[PDB]
Amino acid sequence: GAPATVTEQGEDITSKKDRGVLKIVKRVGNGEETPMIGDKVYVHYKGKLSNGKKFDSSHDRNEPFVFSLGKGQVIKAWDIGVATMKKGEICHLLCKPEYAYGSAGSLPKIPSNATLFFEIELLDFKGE
Ligand SMILES: O=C1[C@@H]2CCC[C@H]([C@@H](CO)CN1Cc1ccccn1)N2S(=O)(=O)c1cc(Cl)cc(Cl)c1
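*Asks:* Got a minute to help me understand the packing of aromatic side chains in this structure?
*Replies:* We describe a pair of aromatic rings using the distance from one ring centre to the other and the angle between the two ring planes. Applying the stated rule across the entire model yields 8 aromatic pairs. Taken together, the ring pairs in this structure connect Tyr-45, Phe-55, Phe-65, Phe-67, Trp-78 and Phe-118 into an aromatic cluster.

And the structure:
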């Protein structure tokens, strides 16, 4: 399925080239611009664990997830991955635990040493 495909065929987008964050662009976005550090970004997403279970979805809340990029408000894989996205892009992101919740996990939903899969749509980004 999609998690296997990003694992096997995704691009390593880490600066360290440690295959900790892998990406496939699923829907090509607009032009060339990507958000910059500190921008307010609006996304829709769904996340899955490696046992196949969906653990979260913004779509199901009927409102986007909003954060300021590059500030550690989200897991490292998201600061790295969303920074690569164009407006309107949809991507798949595979996040090894070192770029997510590590050995601690995040109870109740995220176990220890969890590789996470996301589908992310970048709706908008704006400077404040
Ligand atoms: O960094 C995150 C990432 C990436 C952005 C989208 C979500 C948000 C909103 O739930 C949570 N965070 C930040 C965060 C804040 C507080 C505790 C743990 N993580 N998550 S997430 O991995 O989907 C997530 C979803 C759910 Cl339901 C619980 C947890 Cl612990 C994590």
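On we go.
*Asks:* Help me understand the pattern of salt bridges, please; the structure alone is not making it clear to me.
*Replies:* Any two side chains of opposite charge can pair, so long as their charged atoms come close to each other. Overall, the coordinates contain 5 salt bridges when judged by the stated rule. A salt bridge links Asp-56 to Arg-61, with the shortest nitrogen-to-oxygen separation between them at 2.8 Å. Given a relative accessible area of 24%, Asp-56 falls into the partly exposed group. Taking the shortest distance from any N to any O, the salt bridge between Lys-87 and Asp-124 comes out at 3.1 Å. With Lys-87 in the loop between α2 (76-83) and β6 (90-95) and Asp-124 in strand β7 (residues 116-126), this residue pair connects regions lying 37 residues apart in the sequence.

*Asks:* Whenever I open this one, unusual backbone geometry confuses me. Can you help?
*Replies:* Across residues other than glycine, the phi torsion is negative in most instances, and most of the peptide bonds are trans. Cis peptide bonds are those with omega within 30 degrees of zero, and the linkage from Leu-107 to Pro-108 qualifies with 5 degrees. Position of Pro-108 relative to the elements: it lies in the loop between β6 and β7. Located in the positive-phi region is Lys-17, a residue other than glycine, with phi close to 60 degrees. Tracing the chain through its elements places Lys-17 in the loop between β1 (11-12) and β2 (21-27). For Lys-17, a relative accessible area of 59% corresponds to the exposed category. Backbone geometry at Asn-62 places phi at a positive 60 degrees, although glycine is not the residue there. For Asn-62, a relative accessible area of 72% gives the class exposed.

*Asks:* Whenever I open this one, the site of the ligand confuses me. Can you help?
*Replies:* Lining the immediate environment of the ligand, one finds 13 residues, of which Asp-56, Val-74, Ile-75, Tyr-101 and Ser-106 sit closest. Within the contact set of the ligand, an oxygen atom lies 2.9 Å away from a backbone nitrogen or oxygen of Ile-75. Within the contact set of the ligand, a nitrogen atom lies 2.7 Å away from a side-chain nitrogen or oxygen of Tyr-101. Burial of the ligand by the protein amounts to 68% of the accessible area it has alone, namely 580 Å².

Scoring rules and cut-offs
Residues numbered from 1 in each chain as written, not as in the entry; some residues may be left out. Heavy atoms only, no water. Residues with missing side-chain atoms left out of burial classes, pairs and counts. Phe/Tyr/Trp six-rings, centres within 6.5 Å; stacked < 30°, edge-to-face > 60°. Salt bridge = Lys/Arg side-chain N within 4 Å of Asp/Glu carboxyl O. Buried < 20%, exposed > 50% of the residue type's maximum accessible area, 1.4 Å probe, protein only. Helix = DSSP H or I, 4+ residues; strand = E, 2+ residues; numbered from the N terminus. Near = heavy atom within 4 Å. Polar contact = N/O pair within 3.5 Å; in protein donor to acceptor, adjacent residues only side chain to side chain. Areas by Shrake-Rupley, 256 points an atom, 1.4 Å probe, with all protein chains shown as cover.

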